Amino acid sequence: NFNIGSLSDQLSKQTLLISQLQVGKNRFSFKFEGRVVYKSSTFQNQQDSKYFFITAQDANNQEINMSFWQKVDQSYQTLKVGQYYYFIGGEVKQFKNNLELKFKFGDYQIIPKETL
């Protein structure tokens, strides 16, 4: 499994704005801070994998889409519209000419700011 780090290690990672994200950026080299503005229903693909989407706003009021894949029940309830989170382990991914952050079960951490 991956060594995401202790909670202290996770918060130690550099916070990046949407404008600072690039495809291929090392997934354990940064954290993303965002306020949830939208949370989709859960969906399911032909391989039985469940997934859902959120839209998050960064400190500069820019917005980005994020997608969460597999074992969604373990993460779905913690994400609430209007609340702030740190996300660690996201893949910066291109779709068309656009960027999203993709989170696959096994690779990531969510730290709610309300726990801080």
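Throughout, read-outs are computed from the coordinates displayed, never taken from laboratory work. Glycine also receives a Cβ, built like all others from the backbone with ideal geometry; neighbour counts cover every protein chain displayed.
Residues in region 2-17 that are assigned to a helix (DSSP H, G or I) and among the hydroxyl-bearing types (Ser, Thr, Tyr) were compared, and the one that is farthest from residue 78 (Cα to Cα) is 12. In region 42-49, the condition of being free of Cβ contacts under 8 Å to residues at least 40 places away in the same chain and in contact with a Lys or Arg (Cβ under 6 Å, 6 or more places away or on another chain) is met by at least one residue. Taking the criterion of being hydrophobic (A, V, I, L, M, F, W, C) and either closer than 11 Å to residue 37 by Cα or touching a helix residue (DSSP H, G or I) at 6+ places or on another chain (Cβ under 6 Å) (or both), the residues of region 69-88 that qualify are 79, 81, 88.
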